[PDB]
Amino acid sequence: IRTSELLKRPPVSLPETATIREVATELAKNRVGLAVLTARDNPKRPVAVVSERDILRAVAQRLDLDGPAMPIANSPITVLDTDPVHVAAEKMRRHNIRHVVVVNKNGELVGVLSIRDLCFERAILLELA
Amino acid sequence: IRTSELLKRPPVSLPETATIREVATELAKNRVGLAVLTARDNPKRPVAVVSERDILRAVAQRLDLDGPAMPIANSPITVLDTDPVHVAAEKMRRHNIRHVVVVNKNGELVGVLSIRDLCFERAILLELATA
Ligand SMILES: Nc1ncnc2c1ncn2[C@@H]1O[C@H](COP(=O)(O)O)[C@@H](O)[C@H]1O
Ligand SMILES: Nc1ncnc2c1ncn2[C@@H]1O[C@H](COP(=O)(O)O)[C@@H](O)[C@H]1O
Ligand SMILES: Nc1ncnc2c1ncn2[C@@H]1O[C@H](COP(=O)(O)O)[C@@H](O)[C@H]1O
Ligand SMILES: Nc1ncnc2c1ncn2[C@@H]1O[C@H](COP(=O)(O)O)[C@@H](O)[C@H]1O
Ligand SMILES: [Cs+]
Ligand SMILES: [Cs+]
Ligand SMILES: [Cs+]
Ligand SMILES: [Cs+]
Ligand SMILES: [Cs+]
Ligand SMILES: [Cs+]
């Protein structure tokens with residue numbers, strides 16, 4: 001019923017000072033589509049997100065792939081861990097994103113949810129309609 | 001509800017001889033996650049697919065992005081244009097992919113369906129639940 005129950009894994013994240021390639025390596029190594037950029041001082045606070053989609057455009061535009069990742073990162077769209085799952089689903093539909101970052105009431109990184117999680121379960125699909 | 005009815009765009013494709021960067025440019029230009037690689041002799045026949053996920057690994061492994069795209073591509077997982085939409089959704093789930101290449105009875109490239117198409121419409125979501 002709620003967001004936290006659909007989380008499969010610990011959050012895949014790097015510090016905000018990470019390079020574009022460093023994010024690319026971390027995404028390939030974990031077989032995920034998005035990486036959360038955490039703050040320097042506080043590794044629990046998500047400051048941005050970087051997707052393979054962002055890296056793809058960096059490749060097409062011929063950016064320095066060893067340059068900083070923050071300039072291609074976006075400000076996180078979030079859902080609470082205590083929120084119902086359909087909120088995460090409609091934010092994805094609304095923002096045309098395939099990920100939502102799950103945080104707690106303190107604003108700390110709990111995990112990341114994917115469109116993959118919501119669509120491939122019959123129990124969820126009937127709720128989201 | 002059948003795959004051909006959820007098609008809203010002509011297939012984004014390149015010839016199988018395309019480089020990795022040439023695919024990356026095509027993906028960015030069309031704002032899509034996948035590109036279908038078509039045959040040399042017959043551009044209607046899909047021979048492979050390349051996702052931005054594949055390009056991402058190319059970046060991480062420091063491959064020559066001006067090298068050919070075919071070695072980083074995959075054998076196309078297809079669905080018929082006449083097939084019902086739940087079959088396409090079933091293949092995405094089973095094979096852990098977010099795209100399916102829609103072809104016709106002759107095996108020619110009609111279009112490409114995405115997990116984005118199936119999940120962001122209430123009419124479809126309900127039918128995916130009904131089975
Ligand atoms: N940044 C992340 N941290 C932790 N788990 C993730 C992250 N991104 C995606 N996932 C999970 O890993 C699976 C595959 O990720 P994706 O290929 O990005 O959909 C999904 O079902 C998500 O639940
Ligand atoms: N939870 C999120 N918060 C902010 N931006 C996002 C989020 N998920 C995806 N994006 C952005 O949407 C684009 C592609 O996202 P995705 O569909 O997750 O690959 C990239 O430019 C991402 O930075
Ligand atoms: N290779 C392709 N050729 C034509 N249309 C596509 C292709 N890939 C995706 N689409 C469609 O265009 C949209 C692009 O989204 P996506 O590729 O999932 O980022 C999807 O909703 C599909 O309906
Ligand atoms: N229709 C398809 N047939 C074969 N492989 C695919 C298909 N769609 C995606 N893939 C592969 O699955 C991985 C993730 O693709 P995606 O998550 O759909 O961007 C990539 O390595 C793709 O090459
Ligand atoms: Cs940006
Ligand atoms: Cs609601
Ligand atoms: Cs929208
Ligand atoms: Cs977006
Ligand atoms: Cs149509
Ligand atoms: Cs491959």
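Residue numbering restarts at 1 for every chain, and letters A, B, ... go by the order of the sequence lines. No hydrogens, no waters, no symmetry mates; every other heavy atom, side chains included, goes into these values. One-based numbering, in listed order, for ligands and for the atoms of each.
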- [ ] Work out whether the distance between some heavy atom of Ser75(B) and some atom of ligand 4 is less than 4.0 Å.
- [x] yes
- [ ] Look at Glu52(A) together with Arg31(A) and state whether they make a salt bridge at an N to O cut-off of under 4.0 Å.
- [x] no
Open item on the list: For atom 11 (C) of ligand 4, what is the closest protein heavy atom, and at what distance to 0.1 Å?
Closed with: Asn74(B) ND2, 3.6 Å
TODO: Determine whether more than 12 heavy atoms belonging to other residues, nucleotides or ligands lie under 6.0 Å from atom CZ of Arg40(B).
DONE: no
Task: The one among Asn96(B), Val32(B), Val100(B), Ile77(B) that brings a heavy atom closest to atom 3 (N) of ligand 4 - done: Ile77(B)
TODO: Compare all side-chain heavy atoms of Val50(B) with those of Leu34(B) and state whether any distance is below 4.5 angstrom.
DONE: no
Open item on the list: With respect to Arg98(A), determine whether any N or O atom, backbone or side chain, lies less than 3.5 Å from an N or O atom of ligand 2.
Closed with: yes
Open item on the list: Contact between ligand 2 and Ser114(A) is defined here as a heavy atom of the residue under 4.0 Å from a ligand atom; is it met?
Closed with: no
- [ ] Could you tell me the residue and atom name of the protein heavy atom closest to atom 20 (C) of ligand 4, and the distance to it rounded to 0.1 Å?
- [x] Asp54(B) OD1, 3.3 Å
Task: Heavy-atom nearest neighbour in the protein, as seen from atom 18 (O) of ligand 4, with distance rounded to 0.1 Å - done: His99(B) ND1, 2.8 Å
TODO: Tell me, please: is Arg57(B) in heavy-atom contact with ligand 4, that is, under 4.0 Å?
DONE: yes
Task: Enumerated ligand 4 atoms positioned under 4.0 Å from heavy atoms of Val49(B) - done: 2 (C), 3 (N), 4 (C), 5 (N), 6 (C), 7 (C)
Open item on the list: Heavy atom to atom 12 (O) of ligand 2, shortest distance: which of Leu56(A), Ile97(A), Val101(A) holds it?
Closed with: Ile97(A)
Open item on the list: Suppose I only count heavy atoms of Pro76(B) and a 4.0 Å limit; which atoms of ligand 4 are within that range?
Closed with: 3 (N)
Task: Interfacing atoms of ligand 4 (cut-off 4.0 Å, heavy-atom, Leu34(B)) - done: 8 (N), 9 (C)
